[PDB]
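Q: My sequence and its experimental structure, below.
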Amino acid sequence: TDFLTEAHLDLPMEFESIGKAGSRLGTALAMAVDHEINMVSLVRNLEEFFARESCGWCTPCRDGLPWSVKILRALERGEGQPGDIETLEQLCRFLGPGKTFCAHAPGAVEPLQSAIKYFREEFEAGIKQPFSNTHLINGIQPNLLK
Amino acid sequence: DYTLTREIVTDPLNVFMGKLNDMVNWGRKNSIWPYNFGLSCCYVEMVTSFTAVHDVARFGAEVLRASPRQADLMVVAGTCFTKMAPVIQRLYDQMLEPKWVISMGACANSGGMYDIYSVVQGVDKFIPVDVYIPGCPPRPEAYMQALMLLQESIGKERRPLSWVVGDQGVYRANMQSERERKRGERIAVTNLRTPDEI
Ligand code: SF4
Ligand code: SF4
């Protein structure tokens, strides 16, 4: 289920009330997160659970949850690179209902998108190195994209 | 080793006759008069070799002739188009002995990149060739290198001294291929300059 803030504590625990708030009622067994919990680490733990509990049938869950896991591991270690949060947002967009074979991956991407929406400053703090996907090959001048 | 035309034979070569035949070959190889014949882009690099920045006149091979009777070397530098092939054959037939042929460029060598309905696949389909130059085009110094190869071929050949005295057969030396001669130094190359610099 999507994370909610302190201001959402006043609405009733019904299906449509939580659904209009941007989350799901789910099992209605709520979990509180205090200020001492890093949201990047928490969402990393959640996505490690969800990626390792993929059944492996369909491509977006099976091959997109581990990418989000690796991005969150890099963000937790301070080795994030530009485009990582954009990749996470696109993963939340493309793992929604109907895109995957079952509802496991939409539930996987609900906390990630909610935490990026509400606690973006913790995710941007993990980006500390420039983007580098290629090493230099001696004798070949790279195509310097702008 | 030698090739006979009138057959693979041995070297036929008195001590005055051998020296004077060597002087004949030296005069022939140091006085080569190419024929002026423009086919395609390879001719542009050939006349680039004729100019001042290369100066093929140093070898004595700048005398360009518009008449095949006064030309000893025919440089087929260009594509052998089907309409031009009888012209090339007639120009080659109009030349006088001794006559040598250098194919310049992939078109003259084999047809090159034009395996097409209107191109003869190489000038050796109908005209004998003594020196082939790969390239498209070969650079002017490659033409000069082929000229030196032709001089080495000329200096090792035996031709009839006169049409009334002696053997009238033409002997052409079966020289070692340049590929096998340069295989010793070419394979030993390890590192080349990187293409990023100048
Ligand atoms: S979304 Fe469902 S069907 Fe697809 S791999 Fe994940 S658990 Fe399996
Ligand atoms: S070999 Fe290449 S450069 Fe020479 S005539 Fe043919 S196309 Fe032109």
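A: Yep, that arrived. Numbers count the residues shown, from 1 in each chain, chains lettered A, B, ... in the order given. Ligands and ions are numbered 1, 2, ... in the order given.

Q: need the contact list for the residue nearest the centre of chain A.
A: Per CA atoms, centre = their mean, the C-alpha nearest to the average position across chain A is that of residue A:112, at 3.1 Å. For residue A:112, the contacting residues are A:43, A:46, A:47, A:68, A:88, A:91, A:92, by CB atoms under 8 Å, 6 or more residues apart in numbering or on different chains. The way it works is simple: take the backbone N, C-alpha and C, and place the C-beta from them, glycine included.

Q: Residue A:17 too?
A: A:11, A:25.

Q: So it: helix, strand or coil?
A: helix (DSSP: H, G, I helix; E, B strand; the rest coil).

Q: And the helices in chain A?
A: Using DSSP state H, the helices found in chain A span residues A:15-20, A:39-52, A:59-76, A:84-94, A:104-118, A:120-124.

Q: can you count the residues close to residue 20?
A: As the question left the chain open, I've gone with chain A. For residue A:20, the neighbour count with other CB atoms under 10 Å in any protein chain shown is 10.

Q: Please refer instead to chain B.
A: Per other CB under 10 Å, the neighbour tally for residue B:20 reads 12.

Q: so how far does stretch B:187-196 reach from one end to the other?
A: Separation of the first and last residues of stretch B:187-196 by CA to CA, to the nearest Å is 24 Å.

Q: Which residues does it contact?
A: A:138, A:139, A:140, A:141.

Q: quick one: buried residues of that stretch?
A: By neighbour count with 16 or more other CB atoms under 10 Å in any protein chain shown, stretch B:187-196 contains no buried residues.

Q: quick check, nearest of the contacts of residue A:112 to ligand 2?
A: residue A:91 (53.1 Å; CB to the nearest ligand atom).

Q: which of the contacts of stretch B:187-196 are close to chain B?
A: A:138, A:139, A:140, A:141 (CB under 8 Å from any CB of the partner chain).

Q: Now the two most distant members of the residues you listed.
A: Using CB to CB, these reach their maximum pairwise distance at A:138 and A:141, which is 10.4 Å.
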